[PDB]
Each structure stands twice: as structure tokens, then as C-alpha cells.
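Counting starts at 1 for both ligands and their atoms, following the listed order. Below, all heavy atoms of this structure are taken into account, side chains as well, without hydrogens, waters or symmetry copies. To find a chain, count down the sequence lines: A is the first, B the second, and so on, and within it residues start at 1.
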Protein chains: 2
Amino acid sequence: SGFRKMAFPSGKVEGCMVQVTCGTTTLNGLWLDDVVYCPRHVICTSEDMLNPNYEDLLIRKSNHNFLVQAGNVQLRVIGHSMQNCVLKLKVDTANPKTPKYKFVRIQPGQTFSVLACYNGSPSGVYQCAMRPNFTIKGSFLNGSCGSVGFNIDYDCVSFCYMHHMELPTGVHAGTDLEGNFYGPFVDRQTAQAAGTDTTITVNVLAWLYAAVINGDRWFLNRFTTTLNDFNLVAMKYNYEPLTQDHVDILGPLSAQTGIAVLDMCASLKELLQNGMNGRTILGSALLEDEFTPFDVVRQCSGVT
Amino acid sequence: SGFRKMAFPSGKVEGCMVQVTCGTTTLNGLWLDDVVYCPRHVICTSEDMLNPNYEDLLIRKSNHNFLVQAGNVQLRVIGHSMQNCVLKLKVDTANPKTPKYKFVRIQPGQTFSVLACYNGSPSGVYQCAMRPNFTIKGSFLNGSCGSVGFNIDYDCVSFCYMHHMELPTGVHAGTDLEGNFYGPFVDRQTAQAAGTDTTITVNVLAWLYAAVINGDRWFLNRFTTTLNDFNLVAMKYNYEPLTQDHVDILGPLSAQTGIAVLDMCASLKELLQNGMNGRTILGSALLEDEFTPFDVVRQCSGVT
Ligand SMILES: *CC(=O)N1CCN(S(=O)(=O)c2ccc(C)cc2)CC1
Ligand SMILES: *CC(=O)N1CCN(S(=O)(=O)c2ccc(C)cc2)CC1
């Protein structure tokens, strides 16, 4: 029993982190096979970041300008290419610690673990969600760029995120491992404002199921609702609309608890309308939206 | 910027986790050098756990009754001894992945990372605090016993916790790596009730400093207080008394923010007296007490 915000074990990703230095910029790279992935803005001065022309900046860089250090051993760079907003540095040595991996582009609402790194060295690991406005609420200081977000399926690491920038509002923007930003963000130091940070309704319902499963039940009520009635309330509270696809995904938690999804919706509806009245659910005074239904099933069944 | 509940990277500890099976009980062990550490109740039936005589139960066990599996390779057990509530299984092979390590007994209020494991396989990692009542609020299912809590100083893993039991209230009790329980708990399935779960005042103040440092400042007020005045309010709210030692420890966060510890105490005093009024601090609707002053400095400076 007990329910915790839980990251994947980070070992498989620790073994992939390297330091990339270009000129006087140092940040993190991801070493998989004989390729090192890193944010293209490694080639920028802070001055460049105001209005960078990356193709133009890159012309002035050779393989030997990309200094790549794994532990305290330098990797030989034998090639470099730009793909979207990442550089791929071909090194002469395959990472001997390369795990089985995929690159996946996640949807908003999906959760992942971040291994915060500085100078290619892991500092800590935390669980994130891709927000519906395509930001993440991370913990990133200067030097953390190139830190990656990932899920693990048994022995396969799916890389979904690379850290690129902080918005003036202190939220975070990055790319998948093909270098395409989540949302409309650009690797340029400009006016970039996040859209509405809506609550991931399906995740709140998963976490209410996790609560019931762990003995926190005070918020179960005598009511039910409909997807349409519920969604009117969700709209009013800047909650994402709930779809039949969401209901379907909550099916197993429904089955396990014997609480119909629409009943739990009615419970969430009253919580939105009435607030928590100073009570807590799984040690939180607000409704948690960074557990997926898949995360709840995983933690409540003890998958490895 | 941004502030997250952050675990240490788990890689160094992943490489230490093994499966221990005695009869029909399977749980996790910690493999350091040529010793495997595990909860002594591995030798118990569920029947035994009602009133176990561990010295008597152990007489019936030989080295070859302790089945130890690292990945899918069996370790040869050449010795076994009971120290307090852990077994030490001497194996014929030094763990080639043994990190630099210490065993430390932490104080209540101190935080650590847990690597939740099942069948010697890591499932996830989260940050805990040792509660003032010597419980932790973990996420542990059957099979998770022998999962360990740890801090890392650069390359040295300090092991502070091994998981042993869930109380009927769904909080968790365990030992240091010398097998001595935190608090009054016994590895027996009996009436064991936790004492008062008080709030770790020094940790709440550290986290209020983390908030100010990260731009959440609405709760800064025009007031100050005294240790004595503050402590009257702390008593009333089941907060731990604040000592000069606590004030001293908050000195650097004081220095960095230019907010005197006693001023921040006055801010906390008003938050206790007035509540949050539906506002949030670092995305929480209650006062977080599972960051140490050392944790705040670490995450706010980017240590590896
Ligand atoms: C986001 C990130 O890690 N990087 C790499 C470091 N650069 S920088 O331009 O070298 C820089 C370092 C430190 C400060 C305080 C500012 C800028 C930024 C991008
Ligand atoms: C806490 C823990 O992991 N252990 C090891 C497993 N035992 S047990 O007695 O084998 C057991 C397993 C599963 C259930 C549902 C009950 C008991 C408990 C202690």
C-alpha cells in the first residue's frame, strides 16, 4: 500500500549521459550506439540565442569543435549533422552501455522520468507529464540542457524528451529525440508564452482510483454523471474534455475497484465544485494529474 | 528554475539488488562486496510472522536454503548470520558493481531515495523522509521487502533504510543496514500503532526558501517572530519545535535570499494560522516537509 510519485530506475540512462562542449557552451548529450544527441544551441553564444541562424552557425563548426567526454574519457567525433533542433555527433566508439531503446514522440497527458544532468553527470530523477500546452514543469538550471525524459518497458528505454529551454514563466520546453519541439516553441531567446495549462482529467481519475485502492475513499459520493454533463464542469474548471477513449483506458481500474468511470467522474465533479474542505487524497491537497492510468496500474500491481 | 521532488539517480543501487528466496518467501537483498543483506523475516511463513522466534527458525536453515539470484545467475551462499533484524548471506563472489558505500542511521526529518524492487528487479525510485514517528510513507507491495533507502555523496552511496513491514495504517517500517528498526517497530505481525506524524518544521522552511528562490513569493509577509513565539504556534499545529541548530542549518538559504530565518518563521506562522486560501506554493496546496535544507541547496545549485 501507499502511492508515490515514482520515476523509472535511471541506471540505463545514466550509462548514456555525456558532456558536450562547443566553444564555451557545455551541456549534456545522450550517447546511444556511435551517436551523441544534444541540443543544437550548444553551438550558440548567449548573444547568438537572441536570433540564431543554426545552419549558418554550424558551417563554422568542424567535428573537432565538438568536445565529447564520457566519464573522464574523450570520444573522437568523426561526423556531425543537424536534425531539426538536435545535433547528432557520430563518435568512433559505440556506447558499450547502450540499452535497448526507441525514440517516441509522446502525447500531452503522458508522463515520463527526467534524469537531470550537469556536465554529463546525473544529479537526480523525477516524474513529469507533458502538459496539454506542451510545456513540462521540470527542475532545470543552466548546464541541464540535453537532460532527457524517458519511459522503460522492462529492458527497453523509450526516449521522449530532450531539455532545451526555460520560458520566462519558469516552465520548460524541449524536443523529442528527432529534435522536433513539443508545442510551438523555438530554440531562440524570444517572447514565447505558454497557452492554458489545463488539468489532465483522465490522469486525475486514474489517481482517484489509486486513492480508493490505497484506502483514501472519503470523496466517493452517491452520484453519477454523463460524459456530456461531466465535460460541462471540466470546461468550467480548465480540465481537458474526457472522451470514450479515456473511459475505455480507465476500464481496468474500474474493474478492479468496482467503481464505474462515470461514478468516479461524479466524485471528481463534486471535488471541483466543493473543493477538498482542507482534507487530503494520497497526501495531496490538490487533485494530482501526473499519474497515467498505465502508471497507476504499474505502481498498484508492482511491475518491474 | 522549477523545484521537483527529486530522487538520487538509482544506477549505483540497481547494480546491488538481488532476489533472496528462503522456502516459499521471495524478497530483495542488497549485494555489497561478498555479502547479501536482507530482512530476517525471509525465513518466515506468513504463520511464523504472528509470533516468530528468529533464532529458533534460523537453526533449521543452512547456507543452501538461501537461494540468491543476481540477474539470472545464482550466487553460492558460503555463510549466513543474523545481525539484529537482517541476515548477512556471505556469497563466494564479490559484487563486481559494488559502489563506494557507507551504512548510516539517519535522524527523523532526513530524506532519502527508495528504489522499490520486486524479485531483485528495480520497479521505480521516489524520495522519502524518515517521519518524526520513525515511519516512512512509501509505496511498497508484497515482494518489496529488502528494497533500500539511500543518499549519494558524489560517488559514495550511504544506505540508511531497508524495507521490512507495512503497519495496518498503510505506513512503512524498516531498519538501517545493521538491522535495527527505526522507532519501536518489530518484524512481527502484531498491533503496532504509529505515534503522532508531526511536520518537519525545518524542512517546511527550507521548501519556503526554495519557493522564494523559484519566484513563488505571495506568502512573504511584513512580520517577524521569535523561536519561542514561533514554537508556541508549531506546538498547536503538530509541527516539530524549531531549534537554534535548525536556524543555523537554514543560514545559507537565509544568506542567498536575504530573508532572515525568523522572518520566514513568521511567514510560516501566518500560513499555519490563515491556510493557503486556495493558492499554491511550488505547485502544492499543503506545506511540503520532505525537502531538507541540504536537499534545497543541492537542487537549487545543481550538484552532481
Ligand atoms: C540550458 C543549458 O544547459 N545550456 C548550456 C549552457 N549555456 S550557456 O550559454 O553556456 C550559459 C551558462 C550559464 C549561464 C548562467 C548562462 C548561460 C546555456 C544553454
Ligand atoms: C514484504 C515482502 O516482500 N515479503 C516477502 C513476501 N512475503 S510472503 O509471506 O511470501 C507473502 C507474499 C505475498 C502475499 C500476498 C503475502 C505474503 C511477505 C514478506
Listed once per pair and sorted, the salt bridge (charged side-chain N to carboxylate O under 4.0 Å, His left out) pairs that draw on residues 2-24 of chain B, sequence neighbours left out
A/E290-B/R4, B/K5-B/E288
Quick one: do the B/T21 and B/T26 side chains pair a donor with an acceptor below 3.5 Å?
yes
Salt bridge (charged side-chain N to carboxylate O under 4.0 Å, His left out): pairs with one or both residues in residues 169-188 of chain A, sequence neighbours excluded
A/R40-A/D187, A/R105-A/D176
With a 4.0 Å heavy-atom cut-off, what residues sit around ligand 2?
B/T25, B/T26, B/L27, B/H41, B/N142, B/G143, B/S144, B/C145
Locate the shortest heavy-atom distance separating A/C300 from B/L141; write the atom from each residue and the value.
O-CD1, 3.6 Å
Kindly write out the residues that satisfy ring-ring contact (aromatic ring centres under 6.0 Å, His included) with A/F8, not counting sequence neighbours, or none if the list is empty.
none
Mark yes when over 12 heavy atoms from residues, nucleotides or ligands other than A/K61 sit less than 6.0 Å from its NZ; otherwise mark no.
yes
